[PDB]
$ cat protein-v6.cif   # mmCIF, C-alpha atoms and all ligand atoms
data_query
loop_
_atom_site.label_atom_id
_atom_site.label_comp_id
_atom_site.auth_asym_id
_atom_site.auth_seq_id
_atom_site.Cartn_x
_atom_site.Cartn_y
_atom_site.Cartn_z
CA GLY A 1 55.58 72.89 107.08
CA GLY A 2 59.01 71.30 107.08
CA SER A 3 62.15 72.81 105.58
CA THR A 4 63.00 75.59 103.12
CA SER A 5 65.45 75.22 100.23
CA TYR A 6 65.85 75.44 96.46
CA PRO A 7 67.70 72.44 94.97
CA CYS A 8 68.56 71.92 91.30
CA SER A 9 66.14 70.61 88.67
CA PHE A 10 66.69 66.92 87.92
CA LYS A 11 65.12 63.48 88.38
CA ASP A 12 68.37 61.97 89.64
CA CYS A 13 68.78 64.84 92.10
CA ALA A 14 69.22 63.71 95.71
CA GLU A 15 71.13 66.60 97.28
CA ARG A 16 70.00 69.87 98.87
CA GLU A 17 72.28 72.82 99.61
CA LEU A 18 72.04 76.54 100.36
CA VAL A 19 73.59 77.83 97.13
CA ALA A 20 73.95 75.79 93.94
CA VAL A 21 77.13 75.98 91.86
CA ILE A 22 77.03 77.92 88.59
CA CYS A 23 78.36 76.21 85.46
CA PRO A 24 80.91 78.03 83.26
CA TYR A 25 78.83 77.62 80.11
CA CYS A 26 75.40 76.54 81.35
CA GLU A 27 75.58 79.26 84.01
CA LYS A 28 72.83 77.35 85.82
CA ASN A 29 72.42 76.47 89.50
CA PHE A 30 73.21 72.82 90.21
CA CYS A 31 74.50 70.58 93.00
CA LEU A 32 78.03 69.21 93.32
CA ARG A 33 76.91 65.78 92.10
CA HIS A 34 75.67 67.19 88.80
CA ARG A 35 78.38 69.86 88.77
CA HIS A 36 80.71 67.13 87.51
CA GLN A 37 81.43 67.64 83.81
CA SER A 38 80.81 63.91 83.36
CA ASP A 39 77.49 64.07 85.20
CA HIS A 40 76.19 67.18 83.44
CA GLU A 41 77.85 66.23 80.15
CA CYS A 42 78.10 69.90 79.20
CA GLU A 43 78.53 70.20 75.43
CA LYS A 44 81.18 72.86 76.05
CA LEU A 45 83.04 70.65 78.52
ZN ZN A 101 70.61 68.33 92.35
ZN ZN A 102 76.99 72.33 82.77
#

$ encode --input "protein-v6.cif" --output "structure tokens"
Amino acid sequence: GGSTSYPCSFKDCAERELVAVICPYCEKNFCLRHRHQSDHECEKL
């Protein structure tokens, strides 16, 4: 159809990359924008 990728799960997500970064505590795949401790607001910041 068009392109092939697997971005992170979020409503404010507007970035698509090959491999998403893995949080230290959340250990989840996310973009650089959300990767920010302030953006994600990880409880175990
Ligand atoms: Zn994202
Ligand atoms: Zn996190």

$ residues_around --input "protein-v6.cif" --residues "range 21-25 of chain A" --least-positions-apart "3" --cutoff "10 Å" --atoms "all atoms listed in the file" --output "MDAnalysis selection string"
chainID A and resid 8 17:18 28:32 34:37 40 42:45

$ atom_distance --input "protein-v6.cif" --atom1 "CA of residue 39 in chain A" --atom2 "CA of residue 2 in chain A"
29.5 Å

$ atom_distance --input "protein-v6.cif" --atom1 "CA of residue 33 in chain A" --atom2 "atom ZN of ligand ZN 101 (chain A)"
6.8 Å

$ residues_near_point --input "protein-v6.cif" --point "(69.1, 76.7, 98.4)" --cutoff "7 Å" --atoms "only C-alpha atoms" --output "list in words"
residues 5, 6, 7, 16, 17, 18, 19 and 20 of chain A

$ build_atoms --input "protein-v6.cif" --residues "range 6-22 of chain A" --atoms "N, CA and C atoms" --output "short mmCIF file (atom, residue, chain, number, x, y, z; two decimals), keeping the file's coordinate frame"
data_model
loop_
_atom_site.label_atom_id
_atom_site.label_comp_id
_atom_site.auth_asym_id
_atom_site.auth_seq_id
_atom_site.Cartn_x
_atom_site.Cartn_y
_atom_site.Cartn_z
N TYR A 6 66.08 75.38 97.90
CA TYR A 6 65.85 75.44 96.46
C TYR A 6 66.92 74.66 95.70
N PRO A 7 66.76 73.33 95.65
CA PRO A 7 67.70 72.44 94.97
C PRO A 7 67.65 72.60 93.45
N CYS A 8 68.50 71.86 92.75
CA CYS A 8 68.56 71.92 91.30
C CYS A 8 67.42 71.11 90.67
N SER A 9 67.19 71.32 89.38
CA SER A 9 66.14 70.61 88.67
C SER A 9 66.68 69.35 88.00
N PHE A 10 66.24 68.19 88.47
CA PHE A 10 66.69 66.92 87.92
C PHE A 10 65.98 65.75 88.60
N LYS A 11 65.79 64.67 87.85
CA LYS A 11 65.12 63.48 88.38
C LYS A 11 66.08 62.67 89.25
N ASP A 12 67.36 62.70 88.90
CA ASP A 12 68.37 61.97 89.64
C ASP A 12 69.00 62.84 90.73
N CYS A 13 68.30 63.92 91.08
CA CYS A 13 68.78 64.84 92.10
C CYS A 13 68.42 64.34 93.50
N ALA A 14 69.43 64.18 94.34
CA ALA A 14 69.22 63.71 95.71
C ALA A 14 70.10 64.48 96.69
N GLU A 15 70.31 65.76 96.42
CA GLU A 15 71.13 66.60 97.28
C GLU A 15 70.54 68.00 97.40
N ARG A 16 70.54 68.54 98.62
CA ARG A 16 70.00 69.87 98.87
C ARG A 16 71.01 70.74 99.60
N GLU A 17 71.32 71.90 99.02
CA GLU A 17 72.28 72.82 99.61
C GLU A 17 71.73 74.25 99.62
N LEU A 18 72.45 75.15 100.27
CA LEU A 18 72.04 76.54 100.36
C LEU A 18 72.15 77.23 99.00
N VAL A 19 73.35 77.21 98.43
CA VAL A 19 73.59 77.83 97.13
C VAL A 19 74.15 76.81 96.14
N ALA A 20 73.51 76.72 94.98
CA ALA A 20 73.95 75.79 93.94
C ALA A 20 75.08 76.39 93.11
N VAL A 21 76.00 75.54 92.67
CA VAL A 21 77.13 75.98 91.86
C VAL A 21 76.67 76.42 90.48
N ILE A 22 77.37 77.41 89.92
CA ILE A 22 77.03 77.92 88.59
C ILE A 22 78.03 77.42 87.55
#
